[PDB]
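# Topology and contacts: notes
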Amino acid sequence: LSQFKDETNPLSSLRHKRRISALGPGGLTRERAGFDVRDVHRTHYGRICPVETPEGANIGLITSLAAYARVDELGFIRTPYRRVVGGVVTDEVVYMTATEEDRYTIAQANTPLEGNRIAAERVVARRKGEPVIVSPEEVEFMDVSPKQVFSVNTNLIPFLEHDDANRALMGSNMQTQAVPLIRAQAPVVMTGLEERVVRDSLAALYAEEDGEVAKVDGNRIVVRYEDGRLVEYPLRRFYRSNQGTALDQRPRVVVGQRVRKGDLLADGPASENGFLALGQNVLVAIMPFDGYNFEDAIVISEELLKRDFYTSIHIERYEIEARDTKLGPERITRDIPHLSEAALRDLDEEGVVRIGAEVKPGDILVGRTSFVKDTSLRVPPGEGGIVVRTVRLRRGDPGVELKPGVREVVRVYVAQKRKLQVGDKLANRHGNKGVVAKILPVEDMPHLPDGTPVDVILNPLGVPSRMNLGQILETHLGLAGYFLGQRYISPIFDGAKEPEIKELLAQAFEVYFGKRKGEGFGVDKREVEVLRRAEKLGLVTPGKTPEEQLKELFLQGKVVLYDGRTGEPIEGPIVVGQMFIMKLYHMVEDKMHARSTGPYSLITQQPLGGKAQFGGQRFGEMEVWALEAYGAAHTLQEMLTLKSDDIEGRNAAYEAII
Amino acid sequence: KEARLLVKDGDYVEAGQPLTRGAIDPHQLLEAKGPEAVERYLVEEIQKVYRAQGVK
Amino acid sequence: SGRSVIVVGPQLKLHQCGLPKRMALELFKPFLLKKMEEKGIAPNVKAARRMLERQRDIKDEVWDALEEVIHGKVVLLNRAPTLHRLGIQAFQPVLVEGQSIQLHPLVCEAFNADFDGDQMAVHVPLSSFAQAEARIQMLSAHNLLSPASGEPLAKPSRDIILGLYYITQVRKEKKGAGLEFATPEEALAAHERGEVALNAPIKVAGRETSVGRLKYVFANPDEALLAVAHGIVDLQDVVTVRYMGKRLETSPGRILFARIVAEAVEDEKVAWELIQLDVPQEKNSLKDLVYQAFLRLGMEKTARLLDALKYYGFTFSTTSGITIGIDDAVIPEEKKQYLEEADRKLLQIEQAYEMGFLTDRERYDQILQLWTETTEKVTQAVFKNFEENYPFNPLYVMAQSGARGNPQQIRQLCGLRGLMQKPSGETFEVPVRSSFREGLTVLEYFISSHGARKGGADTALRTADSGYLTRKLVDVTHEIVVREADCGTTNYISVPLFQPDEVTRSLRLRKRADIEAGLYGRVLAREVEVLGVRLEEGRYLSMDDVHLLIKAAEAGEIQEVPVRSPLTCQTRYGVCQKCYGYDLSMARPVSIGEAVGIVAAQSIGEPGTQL
Amino acid sequence: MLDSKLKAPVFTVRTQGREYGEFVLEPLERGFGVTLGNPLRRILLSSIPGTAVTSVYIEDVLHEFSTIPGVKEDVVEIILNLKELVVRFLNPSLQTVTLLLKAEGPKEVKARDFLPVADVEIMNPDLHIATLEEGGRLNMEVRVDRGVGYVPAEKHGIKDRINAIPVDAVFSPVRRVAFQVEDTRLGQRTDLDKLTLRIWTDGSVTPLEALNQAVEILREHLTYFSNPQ
Amino acid sequence: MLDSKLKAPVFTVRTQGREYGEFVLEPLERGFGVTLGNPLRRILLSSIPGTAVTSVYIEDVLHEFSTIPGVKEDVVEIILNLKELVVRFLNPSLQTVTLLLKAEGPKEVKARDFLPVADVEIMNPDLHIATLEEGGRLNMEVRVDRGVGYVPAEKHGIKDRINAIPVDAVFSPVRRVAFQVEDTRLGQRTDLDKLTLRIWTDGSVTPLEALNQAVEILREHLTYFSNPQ
Amino acid sequence: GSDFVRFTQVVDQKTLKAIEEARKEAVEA
Amino acid sequence: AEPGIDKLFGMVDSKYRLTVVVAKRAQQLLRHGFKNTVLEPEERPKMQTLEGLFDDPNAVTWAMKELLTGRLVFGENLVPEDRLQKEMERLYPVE
Ligand SMILES: [Mg+2]
Ligand SMILES: [Zn+2]
């Protein structure tokens, strides 16, 4: 039942820690019958977020409860609900039992009110899980908030009101796999819980009460509270995760700095300023580029690598041991008997290696010899970073119990500052996912009339198939906040409206092009021609000023653009913005699993490497079926004989190739 | 009572003709028509789903 | 063998593959040592082993040695869940830098492999004969048409399709003044002045020609090409150019695409002869041309065309600068009138129920029909909205274009996905009245969650179910291969041409596409002079034969067909070419020795995935 | 040099006639092949001076929507069939040459029937413009000027004759050009540039000659910065 | 030169400091504005060599993933702050320079806080480099080199100290380059081009400096064709 | 696997002449 | 993809026969030393970095080209295998 803890991000951890499944010992419910259970019961309202469930075989099996809903006594969720007396709503909230819920008519929170009294005689309510459009007097309780409707992870995508659940669940789920970055950024447009997120999630440090800073060292902070006391708290600099990431509370307070009660002290690894900050906000333009935004491929400009803008440290934890074989104890030694001592310089101390060094594939890690026969640890193929730590529990087991035969044990820690590279994968909060396709030299990449170019160009064809307009709404919002140099709080449905969107559009365009004018420059011939063509398509009213029609285009959220390679302006205005995009879990499947020659099984001669060599790839059966479809006679023969089982034949082919 | 039949009274009907609206036991189909007619039938029901699902 | 993540190879041609070098390194260590001993790179093969065992013993000349070795070499690539014959294909490897695997984007669907994280594997044939056989009949550049059914599996993708549709589209904006230039050249002069003024838009309803064609005349298309180059003329314009012997009144993009066709295949004569330059280019016409060109020139020139098409479509898609915006979701006001119509009718139904005259079933069904009606009402309204109002809607340009989308997607986004069933399967009364341009109501979205959950669950179950069914299929069909001469059995099947019960008694020329699927490339059980053409016995059934015979059946000259069948194939085990017939991934009828049963198992079980 | 100056793009050329030509320069550093073709491609399409018929007049023709008896083709067809007519001046003083042509009978009129101009020569003597049908009265004269690239008829509106017709001008003898930068691999690095430009010319010069022009004049444009101000 | 050569782009310069600069050239003939501003911008952003933190050595720590006591910032953060430092060489003989800085106690380490050197300038004098809490022993040395564009820390692998570390190289002194090619109106031709190219630079060089440098470079790149092949 | 094709020896005219002399070699005395 | 694949198709009764013929010819080039060629001298496969493709970067192209020539004659059963191999081995010191 219990297993590893979700140490991807504090939010990932909290979601994992507050989510319930159906399966278990089996008697409660086993795997083969969930169709009826998988559909979201009406009672899930205010009880279960139906978008948080893990998609796949275990879809409808696991979900996080309603964010505001909680167990009263015995695995029975009650949820907040605004009492509504007659035409007067009561701020008092009653956590209702699901069964008791049917007993009343729950009014929605979206209904406008003049305070405790409704603002509409005809208001929808939830009599018993149905839309009942009744008078305000027919509701006993009204929806406390949309927030209570969902789990925590649901509520962190701003513009859910214009996005499909099919990919809403996808986005909410991918929210968990976010790796805390070197640089923590908060979304240009938020939901409002990131503060509460980093509060409940103990990533950052918080000042108990009022006080001042005594000392803030890179690993400690002595605070002195207004109570006349002082207490110091060690600060987590670099701590490995379940997956080998960084763990630091960012020092956020200067020495002699007066911090109040509950004052965030050192923001967690993925908090910007007591705020959820993972991934980064990048200026993005949606346009179908040649082929690097093909289906969900993401095209990136070079600058985000020039800037320290997407990277994390990955932590690797190797380990070996010496045993006392009846053939002879396996000494952990520096000796490679046969040929060379040169590579043994790295293994500085005998058996154990020197610390704080880069490692190449195949480098000795722990020395040892079996029966003497050389049998020692080496650097695993793939990549190793820099030596950071070692542990050496020989027979001298202080409180350790090295297993029988184990003459001694040893642990090794390497670190590799993994920058974002070509194959990495990223996605937005609003669900749309993808993998980086190519980073282009920013020299020729499209650039604004202002030299400032965008960070990422997406393939637009994705959105139409998807059902998610909140993403483009956020595109506009972030584009606005760009010039506005300021953030926003958008409740999922009660938040911003397109009217205010166009207001901010006019404001930001006025800013941008008023300063353009102050530059001594209005419209360029390129702008005039493109504006003429927009008139040709009717996108801009003919006869309106190029200034004014460009302003309307801005309020359209689209504007002109210049190429950079051919430098040309781009026909058709494009919507862009500062989008808060995250890098997903680039799990182990990313690493090459490419072995040519190496080990084989004991009972069978099927190649199998692993620690020494990558290992032979699974060949499967239906693959042979496809081969059957083709006339692949001798190639398949080779596969199953020279590449599958035949040691003698495979080595004979080895030597023939030699 | 629920038997939804398409054929009319008095009308001449070929053997094995489905008297009601619904499915048929394949064995009775083979029995009435023998091999080839049942073959044609079954190919029909096979292609009907694929066409109904756009398969070509 | 190996496996890792992939990345698109837009530069890559399908005849090749995007290969990070560092994997081929370990893979070809044998051949690498072979060559670098073939060079002076290491003293011996084993000194070579030591030289190459370290990333820091790396020599660049290792690189040109490896390239020389692989000059004429290829590998095989595959996706994790393999379901069909092309679940693996042969590519000529290209060593590349970086980690990810570079992939020709076209087959991004041949392999049902998006870019969501899934990583593919690869192996290699080794023996000279093994490599020969792999390159010969496992080459993707060799494996073009679907053998499951004769459809081509290289269908052009959304981006290129959109680019060519945009390039080949034409525009028309306004006509207010004298449109009837047809007869008067005084009319042309006056309307040309009005075009000189604001009176005449370029894409005016010019009776003989819009002002565009009168104003500008081009002998050599490079002319109009330059005019666009000067920014003089847009690519979707009504212009006239004196073609080889014709005053072609076309859009620029149309002639340019024709020219693209001309280079891709040498015989531009046929290139224009086989091209319908008179329509906006759509994926369906795309496949039609792909097929016919493959028929005419074959593999090499057809693929030349395919690659040039990919190139040009990508180019033009980029050039378009076409991007989706929230305002691109054009909500036709006709839709709001239909919506008010539907709401008022629903209120009428509800009020009629209120005093009880309708039964809950009666009122429920009345509401159901009212919305099922208004939904198509608005669909038609929005469609018209597109044809005349906004022919260049990025949203509508795409949906109309074959690249992506459906009417339902647009409605759900532009209009609304109103009608949706309950957990039982019954639709809720109050449909989904909002759109995504609208903000979905909390309870409405909660309700909509149910259908999405059901879709996810049943698709996931159908996955394993289709795996099971295909497993059984291969279980049973595996024996069957074509090994035979003409199976002398004079037994065939007469394939009906009429679906006799569409109405209870409605015998009608059976559906066209179904007829093509059942009868294409068949063997005439006996000669049939149907439409004056003596369709001799055993003569194979070309598509044009399909068309002739569809026309004849419309003439009613015949209702079924004398044609062979495996069912009437005499061959104890296996089927006659005549008993089997024509269909290959190539055109000519099947070759003796082909494992047809496996092909059938795949072709049938694979579709079950989506049923 | 061997490393980086031998690392110099190979100025490779192969001219198919004087009209067409492949020109591959390789290899190139990051962002150079485009950096070169794009400006150069733009230049070659307008920079190049050439010969283009400014205007034309038929004695009897007074509307371009009119057709001459004994001559089936209308003004439109004759004007187009003359558009491609490419000529070559013998000296820059051939800024404007007006060549006349007289013809009657049932005969076909090509470029050769024109009265020969000493300094002006036609590389397209085979260009058949029209066909006299029966005693077809044709008296015509075409004014052609030495210009660069393309010039629309209306903007010049050349009227040597009040009923003479302005002619859209296309001087650039190069029909067109196509450049692409293909990625080429060197032993060390694979990300290298090879810019290949295949060009079409009217025949006035060979594509190589036009490249020589464009490159020289572009370098000259690079001379517009020596004076500081 | 009065009609056409006098009708040449008036190279005018208006520069705010040595960091930002605009240059206006007009009138321009057809399509030359962008035709030239494009590759100019490309070379400005690509070919212009500059300076960057070549390699770093902290006397106190061996591995970049460490933390120094009394040091709120971490090692990687500090090297980042170093890379963000903008220096200025005053001599071609100025290619490699190992700046050193030593700070202690409750002091905030600024980029002006390094040891002054003769031929160098701190283009980033106020650059916050670090902040030492108490007795913070921050003494270290950064090799900085004069390169072109970008190179990863890995390829050069510069080791003045084995405890010293390389870092990715950034040698473009250009913040951003753009050019507005707006219609300039000439007496005969209103359809003229006027290109006003704006550039924000780091300040290590003045805009016009990198400008004429790139113009120089491009002109050589053109001269690759005096050789026919 | 088709026997009809699976083995098809490829031969040059020089090989044909070689087999010709090999046949001619059967003459005794 | 491959030159004259249509032509070779016409000269080849079955696609698989063409495949088998090409592979047999290629392995012939391999085993007896690559000199088992008939069109090598004047026109020949040629490399890019050098003329190395004259030797054997990829034999299959050699077999395809020779097939495009009428130089080779492939019989599904044309000669007794023992004598064919024996004469190949006497008359090819290319080994
Ligand atoms: Mg996928
Ligand atoms: Zn048969």
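Conventions we followed
- Residues numbered from 1 in each chain as written, not as in the entry; some residues may be left out.
- Chains lettered and ligands numbered in written order.
- Part of a larger assembly, values for the part shown.
- Heavy atoms only, no water.
- Helix = DSSP H or I, 4+ residues; strand = E, 2+ residues; numbered from the N terminus.
- Contact = heavy atoms within 4.5 Å.
- Pairing = 2+ DSSP bridges.
- Donors = N, O, S within 2.8 Å, 3.2 Å for Na, K, Ca; no water.
- Tetrahedral: all angles 85-135°; square planar, octahedral: opposite > 155°, others 65-115°.
- Buried area = accessible area lost by both parts, 1.4 Å probe.
- Polar contact = N/O pair within 3.5 Å; in protein donor to acceptor, adjacent residues only side chain to side chain.
- Nonpolar A, V, L, I, M, F, W, Y, C, P; charged D, E, K, R; others polar.

Deposited coordinates in this entry are attributed by the record to cryo-EM, at a stated resolution of 5.8 Å.

### Here's the deal with the environment of C:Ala271
Residues and elements named next belong to chain C. Assignment of secondary structure puts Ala 271 in helix α10 (residues 268–273). C-alpha of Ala 271 to C-alpha of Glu 151: the two residues are 120 residues apart in sequence and 22 Å apart in space. Leaving out residues up to four positions away in the same chain, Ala 271 has contacts with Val 261, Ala 262 and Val 265.

### What to know about the pairing of strand β28 (residues 406–419) of chain A
Residue and element names in this part refer to chain A. In terms of strand pairing, strand β22 (residues 311–325) meets β28 through 13 bridges, oriented antiparallel. Across the sheet, residue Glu 321 finds its bridge partner in β28, namely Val 409. Pairing of strand β27 (residues 384–393) with β28, which is carried by seven bridges, proceeds in the antiparallel orientation. Across the sheet, residue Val 391 finds its bridge partner in β28, namely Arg 411.

### With respect to the coordination of the zinc ion (ligand 2)
Taken together, C:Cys487 (SG), C:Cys569 (SG), C:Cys576 (N) and C:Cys579 (SG) make up the full set of protein donors to the zinc ion (ligand 2), lying 2.3 Å away. What the four donor atoms of the zinc ion (ligand 2) show is an angle range of 35 to 145° at the metal, which sorts the shape as irregular.

### Here's the deal with the interface of chain F and chain G
On the side of chain G, 27 residues touch chain F, which itself brings 16 residues to the contact. Across the chain F to chain G interface the summed buried area is about 1,900 Å²; carbon plus sulfur atoms make up 61%. Among the residues of chain F in contact with chain G, F:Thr8, F:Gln9 and F:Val10 are the three that bury the most area, contributing 35% of the side total. Counting across the interface, chain F meets chain G through eight residue pairs in polar contact. Sorting the residues of the side of chain F that touches chain G by element identifies α1 (3–6), β1 (9–12) and α2 (13–24) of chain F as the ones contributing at least two each. Of all the elements, α2(F) adds the most residues to the side of chain F that touches chain G, at five residues. Looking at side-chain class alone, the side of chain F that touches chain G contains eight nonpolar, four polar and four charged residues.

### Comments concerning the sheet that holds strand β9 (residues 247–250) of chain C
Spatial ordering of the open sheet is given by β7-β8-β9 (chain C), a layout of three strands whose pairing is mixed. Here the strands that pair on one side only, and so sit at the sheet edges, are β7 (217–218) and β9 of chain C.

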